[PDB]
Amino acid sequence: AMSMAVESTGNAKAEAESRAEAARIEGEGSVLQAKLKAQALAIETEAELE
Amino acid sequence: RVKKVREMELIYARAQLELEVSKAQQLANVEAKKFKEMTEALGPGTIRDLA
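As they're listed, the protein sequences go chains J and K.
When the count follows the deposited numbering, it moves up by one through the first sequence with no breaks and lands on 760 for the last residue.
When the count follows the deposited numbering, it moves up by one through the second sequence with no breaks and lands on 811 for the last residue.
This is how it looks when you write it as structure tokens:
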């Protein structure tokens with residue numbers, strides 16, 4: 711049951727640390743990505759007023 | 761985006777409000793002026809004896 715655990719937890723942990731790390735990239739992505747949407751959809755909006 | 765564009769269509773709305781007015785104002789004048797020329801054209805009592 712000791713091996714049962716080390717395997718079990720160690721397993722779902724490997725899969726949810728996968729989960730979270732992949733969204734941590736996606737997350738840091740979505741800031742820098744909406745930061746560029748900012749400047750883009752701002753230059754686009756700006757000469758749209760003129 | 762919004763603040764800037766809000767102000768846009770907003771300034772225009774105002775300058776095209778006084779535009780709205782001037783029209784309605786001038787026409788109201790020309791109606792009344794014509795109507796004053798009309799009224800005076802015939803007896804200010806003739807309108808009465810016609811009524």
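Cβ atoms here follow ideal geometry from the backbone N, Cα and C, with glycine treated the same way.
Three-state secondary structure assigned by DSSP to residue i
i, result
"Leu777/K", "helix"
"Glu756/J", "helix"
"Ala711/J", "coil"
"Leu746/J", "helix"
"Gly739/J", "helix"
"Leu770/K", "helix"
"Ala811/K", "coil"
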